[PDB]
Amino acid sequence: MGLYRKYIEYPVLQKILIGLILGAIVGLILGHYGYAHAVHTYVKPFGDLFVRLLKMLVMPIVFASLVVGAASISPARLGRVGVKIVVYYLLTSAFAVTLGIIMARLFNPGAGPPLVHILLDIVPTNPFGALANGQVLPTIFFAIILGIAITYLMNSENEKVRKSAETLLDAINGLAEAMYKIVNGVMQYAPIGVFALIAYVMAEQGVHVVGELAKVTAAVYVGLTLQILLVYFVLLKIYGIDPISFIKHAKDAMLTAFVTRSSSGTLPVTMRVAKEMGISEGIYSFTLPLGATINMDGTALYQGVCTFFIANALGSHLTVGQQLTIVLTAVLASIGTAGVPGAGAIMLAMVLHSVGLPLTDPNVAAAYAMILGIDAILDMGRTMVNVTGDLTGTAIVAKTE
Ligand SMILES: N[C@@H](CC(=O)O)C(=O)O
């Protein structure tokens with residue numbers, strides 16, 4: 001076709017980066033000349049199509065890949081990896097949100113759920129209904145249950161049941177391997193989408209990011225970088241794995257999660273960098289699709305610093321906010337959020353409705369609107385630390401096995 005084949009000749013991460021750079025440059029130039037409605041009605045629909053594709057991909061890829069993932073064995077490896085991976089994700093997410101409580105105290109703010117039905121909603125009251133209407137967490141539950149039942153059926157004695165279980169597992173594996181090819185097809189289109197998205201985001205609200213609300217995003221970025229270098233480095237340093245080689249060996253997945261702003265949009269490159277890391281296929285194949293959508297350390301560290309930006313601009317106080325329930329509801333919102341770009345803001349609204357200062361006041365929508373505008377640049381570092389937390393967990397359970 002001509003220049004199209006040269007466009008599918010470049011490597012991907014030497015192209016999404018040039019899209020981000022030439023999006024931020026043209027966004028700043030068109031923000032210095034006041035073309036904000038021009039970008040918002042001409043260039044932003046490409047980024048909205050990109051976000052539409054990354055939302056489309058998440059629901060088959062969290063079901064079929066997770067059913068295939070729960071086919072190592074039923075008892076031993078699955079049980080031990082399950083317990084020592086969910087408690088690992090819980091401690092990493094809780095340490096991230098208590099770092100967020102630690103943050104915005106050395107840093108500054110910017111001036112200018114019935115508590116058991118949330119856990120009972122994990123069990124889906126209808127599996128196809130909880131697969132249609134979003135609901136990533138009950139889809140995860142039903143997918144793990146179906147995987148365990150399929151790996152029980154494959155060890156049966158009747159030949160017809162064995163053939164039927166093998167055919168069902170091969171069908172779901174065909175869907176889970178077709179969704180990765182659709183991910184590759186989307187991430188070929190990705191530089192146009194990230195160009196449009198960062199162009200609009202730098203144009204509309206990002207023109208004054210460094211003037212005011214610079215200390216909140218400085219708090220987010222310094223907290224995420226210190227989260228990396230003070231949790232993941234020490235967790236690789238406990239179990240005897242050199243972590244600078246871990247960054248230089250997983251920088252592929254780190255960078256594509258940094259630019260595409262989706263944890264579940266970087267699942268194939270995270271799987272290929274685990275195999276290029278050589279973790280082992282049977283030991284990552286369950287915990288990477290689980291960890292892609294059950295632990296988000298970026299949103300966990302992000303909800304605390306967002307609630308401290310809102311509550312310390314014009315809010316009640318910090319100890320009247322009762323930070324322990326902020327930690328708990330932020331861990332729950334990190335667990336229950338999806339892997340799309342603009343996901344954690346809605347769960348942040350859920351956190352604020354659940355802990356205090358709900359979204360009805362005339363001085364809470366004005367603080368939330370600025371962070372809804374600036375959410376798109378924080379999503380980058382959020383998904384970056386999420387995918388490298390997944391990779392860190394896979395390397396840890398590679399060590400203790
Ligand atoms: N972008 C995050 C969610 C968020 O921070 O809004 C994810 O893909 O999981």
# chains A, B, ... in the order shown; residues from 1 in each chain; ligands from 1
$ closest_atom_pairs --of "segment 206-309 of chain A" --to "segment 178-184 of chain A" --cutoff "9 Å" --atoms "only C-alpha atoms" --output "CSV"
residue,atom,partner,partner_atom,distance
A:265,CA,A:183,CA,6.7
A:266,CA,A:183,CA,8.1
A:267,CA,A:180,CA,8.1
A:268,CA,A:180,CA,6.0
$ residues_near_ligand --ligand "ligand 1" --cutoff "10 Å" --atoms "only C-alpha atoms and all ligand atoms" --output "VMD selection string"
chain A and resid 54 to 55 58 257 to 258 260 to 266 292 to 303 334 to 348 375 to 384 386 to 387
$ closest_atom_pairs --of "segment 320-386 of chain A" --to "segment 93-113 of chain A" --cutoff "9 Å" --atoms "only C-alpha atoms" --output "JSON lines"
{"residue": "A:323", "atom": "CA", "partner": "A:101", "partner_atom": "CA", "distance": 7.7}
{"residue": "A:326", "atom": "CA", "partner": "A:97", "partner_atom": "CA", "distance": 8.6}
{"residue": "A:327", "atom": "CA", "partner": "A:97", "partner_atom": "CA", "distance": 5.9}
{"residue": "A:328", "atom": "CA", "partner": "A:94", "partner_atom": "CA", "distance": 8.0}
{"residue": "A:330", "atom": "CA", "partner": "A:97", "partner_atom": "CA", "distance": 7.0}
{"residue": "A:331", "atom": "CA", "partner": "A:93", "partner_atom": "CA", "distance": 6.2}
{"residue": "A:334", "atom": "CA", "partner": "A:93", "partner_atom": "CA", "distance": 7.7}
{"residue": "A:335", "atom": "CA", "partner": "A:93", "partner_atom": "CA", "distance": 8.7}
{"residue": "A:350", "atom": "CA", "partner": "A:113", "partner_atom": "CA", "distance": 8.0}
{"residue": "A:351", "atom": "CA", "partner": "A:113", "partner_atom": "CA", "distance": 9.0}
{"residue": "A:353", "atom": "CA", "partner": "A:113", "partner_atom": "CA", "distance": 8.4}
{"residue": "A:354", "atom": "CA", "partner": "A:113", "partner_atom": "CA", "distance": 6.3}
{"residue": "A:367", "atom": "CA", "partner": "A:111", "partner_atom": "CA", "distance": 8.9}
$ write_last_selection --atoms "N, CA, C and O atoms" --output "short mmCIF file (atom, residue, chain, number, x, y, z; two decimals), in the first residue's frame"
data_model
loop_
_atom_site.label_atom_id
_atom_site.label_comp_id
_atom_site.auth_asym_id
_atom_site.auth_seq_id
_atom_site.Cartn_x
_atom_site.Cartn_y
_atom_site.Cartn_z
N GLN A 323 -8.49 8.81 58.26
CA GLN A 323 -7.64 8.24 57.22
C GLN A 323 -7.62 6.71 57.14
O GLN A 323 -7.30 6.17 56.07
N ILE A 326 -10.07 5.77 54.76
CA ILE A 326 -9.60 6.18 53.44
C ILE A 326 -8.67 5.12 52.86
O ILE A 326 -8.78 4.76 51.69
N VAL A 327 -7.77 4.59 53.70
CA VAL A 327 -6.90 3.47 53.31
C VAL A 327 -7.72 2.26 52.89
O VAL A 327 -7.47 1.66 51.83
N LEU A 328 -8.73 1.91 53.68
CA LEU A 328 -9.52 0.70 53.40
C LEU A 328 -10.33 0.84 52.12
O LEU A 328 -10.30 -0.04 51.25
N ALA A 330 -9.80 2.94 49.68
CA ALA A 330 -8.94 3.09 48.52
C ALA A 330 -8.37 1.75 48.07
O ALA A 330 -8.20 1.53 46.87
N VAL A 331 -8.07 0.85 49.01
CA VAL A 331 -7.65 -0.50 48.63
C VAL A 331 -8.79 -1.23 47.94
O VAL A 331 -8.58 -1.90 46.91
N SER A 334 -9.09 0.27 44.45
CA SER A 334 -8.01 -0.21 43.60
C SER A 334 -8.26 -1.64 43.15
O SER A 334 -7.93 -2.01 42.02
N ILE A 335 -8.83 -2.46 44.03
CA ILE A 335 -9.11 -3.84 43.65
C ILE A 335 -10.26 -3.90 42.65
O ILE A 335 -10.17 -4.58 41.63
N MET A 350 -16.48 7.11 44.23
CA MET A 350 -17.06 6.13 45.13
C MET A 350 -16.44 6.22 46.52
O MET A 350 -17.15 6.17 47.54
N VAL A 351 -15.11 6.39 46.58
CA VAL A 351 -14.40 6.55 47.84
C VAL A 351 -14.87 7.79 48.58
O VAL A 351 -15.15 7.75 49.79
N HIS A 353 -17.76 9.37 48.21
CA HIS A 353 -19.12 9.15 48.70
C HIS A 353 -19.13 8.23 49.91
O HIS A 353 -20.03 8.34 50.76
N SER A 354 -18.16 7.33 50.01
CA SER A 354 -18.15 6.34 51.08
C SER A 354 -17.48 6.82 52.37
O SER A 354 -17.77 6.26 53.43
N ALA A 367 -13.30 21.29 42.91
CA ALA A 367 -12.02 20.63 43.12
C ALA A 367 -11.91 19.35 42.31
O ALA A 367 -10.81 19.00 41.85
#
$ residues_around --residues "segment 207-214 of chain A" --least-positions-apart "5" --cutoff "7 Å" --atoms "only C-alpha atoms" --output "PyMOL selection string"
chain A and resi 28+31+110+202
$ closest_residue --among "A:246, A:128, A:152, A:368" --to "residue 352 of chain A" --atoms "only C-alpha atoms"
A:368
$ closest_atom_pairs --of "segment 240-355 of chain A" --to "segment 215-218 of chain A" --cutoff "9 Å" --atoms "only C-alpha atoms" --output "Markdown table"
| residue | atom | partner | partner_atom | distance |
| --- | --- | --- | --- | --- |
| A:305 | CA | A:216 | CA | 7.6 |
| A:306 | CA | A:216 | CA | 8.1 |
| A:309 | CA | A:216 | CA | 6.6 |
$ atom_distance --atom1 "atom CA of residue 238 of chain A" --atom2 "atom CA of residue 395 of chain A"
12.1 Å
$ atom_distance --atom1 "atom CA of residue 364 of chain A" --atom2 "atom CA of residue 313 of chain A"
9.4 Å
$ closest_residue --among "A:287, A:356, A:234, A:170" --to "residue 319 of chain A" --atoms "only C-alpha atoms"
A:356
$ residues_around --residues "segment 185-194 of chain A" --least-positions-apart "2" --cutoff "9 Å" --atoms "only C-alpha atoms" --output "count of residues only"
31
$ residues_around --residues "residue 69 of chain A" --least-positions-apart "3" --cutoff "10 Å" --atoms "only C-alpha atoms" --output "list in words"
residues 63, 64, 65, 66, 72, 73, 78, 143, 144, 147, 148, 173, 176, 281, 282, 283, 284, 285, 286, 287, 288, 289 and 290 of chain A
$ write_last_selection --atoms "C-alpha atoms" --output "compact mmCIF listing (two decimals), in the first residue's frame"
# COMPACT_ATOMS: atom_id res chain seq x y z
CA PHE A 63 -12.56 -13.72 31.17
CA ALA A 64 -10.99 -16.01 28.57
CA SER A 65 -7.37 -15.43 29.62
CA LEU A 66 -8.30 -15.99 33.24
CA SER A 72 -2.28 -25.27 35.66
CA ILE A 73 -3.67 -27.71 38.23
CA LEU A 78 -3.08 -22.76 42.17
CA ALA A 143 -13.77 -17.22 35.44
CA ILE A 144 -11.60 -18.63 38.22
CA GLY A 147 -11.16 -22.72 35.33
CA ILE A 148 -11.05 -24.90 38.44
CA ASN A 173 -8.07 -20.49 24.57
CA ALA A 176 -7.98 -15.60 24.68
CA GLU A 281 4.62 -20.17 31.85
CA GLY A 282 2.53 -22.15 34.33
CA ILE A 283 3.40 -19.81 37.19
CA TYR A 284 2.73 -16.47 35.46
CA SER A 285 -0.18 -17.61 33.29
CA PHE A 286 -2.58 -17.44 36.24
CA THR A 287 -1.19 -14.47 38.17
CA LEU A 288 -0.63 -12.02 35.32
CA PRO A 289 -4.30 -12.03 34.14
CA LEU A 290 -5.36 -11.92 37.78
$ decode --residues "segment 103-132 of chain A" --atoms "N, CA, C and O atoms" --output "mmCIF file, in the first residue's frame"
data_model
loop_
_atom_site.group_PDB
_atom_site.id
_atom_site.type_symbol
_atom_site.label_atom_id
_atom_site.label_comp_id
_atom_site.auth_asym_id
_atom_site.auth_seq_id
_atom_site.Cartn_x
_atom_site.Cartn_y
_atom_site.Cartn_z
ATOM 1 N N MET A 103 2.584 10.713 51.657
ATOM 2 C CA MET A 103 2.616 11.835 50.735
ATOM 3 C C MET A 103 1.489 12.814 51.062
ATOM 4 O O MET A 103 0.607 12.541 51.881
ATOM 5 N N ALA A 104 1.565 13.994 50.436
ATOM 6 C CA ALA A 104 0.740 15.174 50.725
ATOM 7 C C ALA A 104 0.832 15.620 52.187
ATOM 8 O O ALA A 104 -0.071 16.288 52.696
ATOM 9 N N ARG A 105 1.907 15.251 52.871
ATOM 10 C CA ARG A 105 2.317 15.826 54.143
ATOM 11 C C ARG A 105 3.719 16.397 54.065
ATOM 12 O O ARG A 105 3.980 17.473 54.607
ATOM 13 N N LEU A 106 4.632 15.698 53.386
ATOM 14 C CA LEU A 106 5.847 16.326 52.895
ATOM 15 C C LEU A 106 5.587 17.153 51.648
ATOM 16 O O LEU A 106 6.436 17.966 51.269
ATOM 17 N N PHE A 107 4.442 16.954 51.002
ATOM 18 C CA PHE A 107 4.012 17.747 49.863
ATOM 19 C C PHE A 107 2.734 18.504 50.214
ATOM 20 O O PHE A 107 2.161 18.346 51.297
ATOM 21 N N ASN A 108 2.287 19.331 49.280
ATOM 22 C CA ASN A 108 1.241 20.310 49.513
ATOM 23 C C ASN A 108 -0.019 19.986 48.720
ATOM 24 O O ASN A 108 0.031 19.284 47.705
ATOM 25 N N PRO A 109 -1.181 20.464 49.172
ATOM 26 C CA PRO A 109 -2.376 20.430 48.319
ATOM 27 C C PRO A 109 -2.424 21.621 47.380
ATOM 28 O O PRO A 109 -1.480 22.415 47.334
ATOM 29 N N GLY A 110 -3.516 21.768 46.638
ATOM 30 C CA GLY A 110 -3.650 22.898 45.741
ATOM 31 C C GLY A 110 -4.883 23.740 45.995
ATOM 32 O O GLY A 110 -6.007 23.282 45.776
ATOM 33 N N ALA A 111 -4.687 24.977 46.438
ATOM 34 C CA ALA A 111 -5.788 25.890 46.700
ATOM 35 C C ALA A 111 -6.163 26.622 45.410
ATOM 36 O O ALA A 111 -5.721 26.266 44.315
ATOM 37 N N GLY A 112 -6.992 27.652 45.529
ATOM 38 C CA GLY A 112 -7.411 28.426 44.377
ATOM 39 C C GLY A 112 -8.167 29.687 44.741
ATOM 40 O O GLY A 112 -7.571 30.743 44.945
ATOM 41 N N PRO A 113 -22.098 2.081 49.083
ATOM 42 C CA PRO A 113 -21.234 1.037 49.641
ATOM 43 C C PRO A 113 -21.625 0.638 51.060
ATOM 44 O O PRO A 113 -21.128 1.237 52.009
ATOM 45 N N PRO A 114 -22.502 -0.367 51.200
ATOM 46 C CA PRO A 114 -22.951 -0.780 52.539
ATOM 47 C C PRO A 114 -22.008 -1.733 53.269
ATOM 48 O O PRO A 114 -22.454 -2.448 54.174
ATOM 49 N N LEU A 115 -20.749 -1.820 52.815
ATOM 50 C CA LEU A 115 -19.583 -2.388 53.503
ATOM 51 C C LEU A 115 -19.589 -3.915 53.582
ATOM 52 O O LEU A 115 -18.547 -4.528 53.831
ATOM 53 N N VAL A 116 -20.720 -4.549 53.287
ATOM 54 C CA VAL A 116 -20.754 -5.998 53.119
ATOM 55 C C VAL A 116 -21.480 -6.419 51.856
ATOM 56 O O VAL A 116 -21.250 -7.534 51.354
ATOM 57 N N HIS A 117 -22.312 -5.564 51.260
ATOM 58 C CA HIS A 117 -22.826 -5.853 49.935
ATOM 59 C C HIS A 117 -21.769 -5.617 48.874
ATOM 60 O O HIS A 117 -21.860 -6.197 47.792
ATOM 61 N N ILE A 118 -20.748 -4.814 49.181
ATOM 62 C CA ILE A 118 -19.607 -4.664 48.286
ATOM 63 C C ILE A 118 -18.830 -5.971 48.194
ATOM 64 O O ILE A 118 -18.341 -6.346 47.122
ATOM 65 N N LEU A 119 -18.744 -6.709 49.296
ATOM 66 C CA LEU A 119 -18.116 -8.019 49.236
ATOM 67 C C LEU A 119 -19.067 -9.089 48.719
ATOM 68 O O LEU A 119 -18.620 -10.043 48.081
ATOM 69 N N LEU A 120 -20.368 -8.955 48.971
ATOM 70 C CA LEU A 120 -21.335 -9.921 48.466
ATOM 71 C C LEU A 120 -21.645 -9.738 46.990
ATOM 72 O O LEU A 120 -22.270 -10.618 46.391
ATOM 73 N N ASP A 121 -21.256 -8.614 46.403
ATOM 74 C CA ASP A 121 -21.411 -8.392 44.977
ATOM 75 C C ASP A 121 -20.293 -9.051 44.182
ATOM 76 O O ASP A 121 -20.358 -9.080 42.952
ATOM 77 N N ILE A 122 -19.269 -9.575 44.858
ATOM 78 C CA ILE A 122 -18.204 -10.291 44.169
ATOM 79 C C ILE A 122 -18.742 -11.574 43.555
ATOM 80 O O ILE A 122 -18.425 -11.908 42.411
ATOM 81 N N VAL A 123 -19.601 -12.283 44.273
ATOM 82 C CA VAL A 123 -20.256 -13.456 43.706
ATOM 83 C C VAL A 123 -21.322 -12.969 42.733
ATOM 84 O O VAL A 123 -22.228 -12.230 43.141
ATOM 85 N N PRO A 124 -21.259 -13.337 41.456
ATOM 86 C CA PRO A 124 -22.234 -12.814 40.495
ATOM 87 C C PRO A 124 -23.578 -13.495 40.667
ATOM 88 O O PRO A 124 -23.662 -14.720 40.763
ATOM 89 N N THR A 125 -24.639 -12.694 40.701
ATOM 90 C CA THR A 125 -25.967 -13.281 40.766
ATOM 91 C C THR A 125 -26.401 -13.872 39.435
ATOM 92 O O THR A 125 -27.396 -14.601 39.398
ATOM 93 N N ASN A 126 -25.683 -13.575 38.355
ATOM 94 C CA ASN A 126 -25.872 -14.140 37.029
ATOM 95 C C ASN A 126 -24.563 -13.969 36.273
ATOM 96 O O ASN A 126 -24.078 -12.841 36.153
ATOM 97 N N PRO A 127 -23.953 -15.045 35.770
ATOM 98 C CA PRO A 127 -22.618 -14.902 35.169
ATOM 99 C C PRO A 127 -22.628 -14.177 33.842
ATOM 100 O O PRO A 127 -21.733 -13.368 33.579
ATOM 101 N N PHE A 128 -23.625 -14.431 32.999
ATOM 102 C CA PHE A 128 -23.702 -13.717 31.734
ATOM 103 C C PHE A 128 -24.132 -12.275 31.943
ATOM 104 O O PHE A 128 -23.722 -11.390 31.187
ATOM 105 N N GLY A 129 -24.944 -12.019 32.966
ATOM 106 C CA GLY A 129 -25.320 -10.650 33.267
ATOM 107 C C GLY A 129 -24.172 -9.854 33.851
ATOM 108 O O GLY A 129 -24.014 -8.667 33.558
ATOM 109 N N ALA A 130 -23.350 -10.495 34.674
ATOM 110 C CA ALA A 130 -22.149 -9.857 35.183
ATOM 111 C C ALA A 130 -21.018 -9.859 34.178
ATOM 112 O O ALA A 130 -19.978 -9.254 34.444
ATOM 113 N N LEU A 131 -21.176 -10.546 33.053
ATOM 114 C CA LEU A 131 -20.233 -10.421 31.957
ATOM 115 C C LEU A 131 -20.668 -9.375 30.947
ATOM 116 O O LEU A 131 -19.817 -8.814 30.253
ATOM 117 N N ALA A 132 -21.962 -9.090 30.854
ATOM 118 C CA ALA A 132 -22.417 -8.075 29.915
ATOM 119 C C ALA A 132 -22.253 -6.670 30.484
ATOM 120 O O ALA A 132 -21.667 -5.796 29.838
#
